[PDB]
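One chain follows as structure tokens, the form deposited in one PDB entry.
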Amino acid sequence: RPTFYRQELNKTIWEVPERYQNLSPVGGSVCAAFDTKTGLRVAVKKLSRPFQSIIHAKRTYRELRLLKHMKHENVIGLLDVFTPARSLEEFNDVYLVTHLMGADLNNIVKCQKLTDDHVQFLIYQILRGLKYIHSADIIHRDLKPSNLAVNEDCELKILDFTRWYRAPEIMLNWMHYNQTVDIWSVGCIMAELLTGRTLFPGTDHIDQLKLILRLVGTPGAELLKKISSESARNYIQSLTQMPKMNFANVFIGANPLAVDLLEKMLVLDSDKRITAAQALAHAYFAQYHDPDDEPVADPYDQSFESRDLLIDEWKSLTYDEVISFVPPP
């Protein structure tokens, strides 16, 4: 058990292994810090109201279990996790420590116009991390430029687990989402890397859906066939019957292989969207693809997801997970 010290940043207290120094707010609350032990800049995150309700307590546990399991180059991982509390009885606060990646993809696209080679590599690393996430049977569900950290070498990590990058079926609360909701996201992000502009900058919920329909067109008979509801099913007919656009004509001048990949991500029907593993074999990534260096995750026990427990059950399990934590090499 290390030594802790106390300090107030903005309007909140932090107690941290003394090895963590120069705490400075960045936006639970987050602080950048220097890891005196390893010599590297870190992010330390203090979980808001970890055990306030049953839902929060389950979310805390989910969050830790998830991040504990993420061991991949293109996915954020845990350097450390600590509480100031000795014993479960005292246990009330949880801190997570990860790499301070010092620029995100939004920051990169605003300033620099990226080449074809840049977008192959960036999207390639997204799909690579994504293949690993999906192979644990997890859906990210919030991929966007600000959830993607990028260094000087234009190397990328997925952060996470606005609506411009959200699959239309989440916006319609369709339920049982499949993993290709993240693929939709990747398609929006890639369109934006290619053009420098947000593909679907909706002002609100319906606007979002409006701009989507103008690009990819109103649902095809094959898709309408799958819409359980007389409800949803009409209104659609009643809409200005839009043509699916030619992506060739929208992303004019882009690599035609990139344009083909985009048609395969930005399909309305989630059943027809390319998967992360299939996209990695797409000819667009021929320069970067290596079928032996695109690993999948260990099996992720998420049976907890289906259980309804008492707050103290959730916290104790969270405590076990703090105690069980082994740092990476």
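In case it trips you up, residue 1 is the first one in the sequence shown, and so on. We call the rigid core whatever largest set of C-alpha positions still superposes within 1.5 Å between the two forms. Residues that one form lacks are left out of the comparison.
What comes next is about the form solved in complex with a small molecule, which is not displayed.
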Heavy atoms, 4.5 Å, the small molecule in the deposited bound form: which of 274 to 282, 258 to 266, 58 to 66, 289 to 297 makes the cut? Say which one.
-> 58 to 66
Which one, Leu114, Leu122, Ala254, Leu100, lies within 4.5 Å of the small molecule in the deposited bound form by heavy atoms?
-> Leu100
Which listed residue (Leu199, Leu194, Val109, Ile138) meets the criterion of a heavy atom within 4.5 Å of the small molecule in the deposited bound form?
-> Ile138
Decide whether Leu40 counts as a contact residue for the small molecule in the deposited bound form under a heavy atom distance cut-off of 4.5 Å.
-> no
Contact between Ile133 and the small molecule in the deposited bound form at 4.5 Å, heavy atoms?
-> yes
Looking at the partner-bound form in the deposited bound form, is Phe82 within 4.5 Å of the small molecule by any heavy atom?
-> no
4.5 Å heavy atom contact, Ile189 and the small molecule in the deposited bound form | no
Which one of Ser87, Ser229, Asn249, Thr115, by Cα shift of 2 Å or more between the shown form and the other one, core superposed = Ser229
With the core fixed, which bits of the chain, 3+ residues long, show every Cα moving 2 Å or more between the shown form and the other one?
-> 174 to 176, 220 to 222, 224 to 238
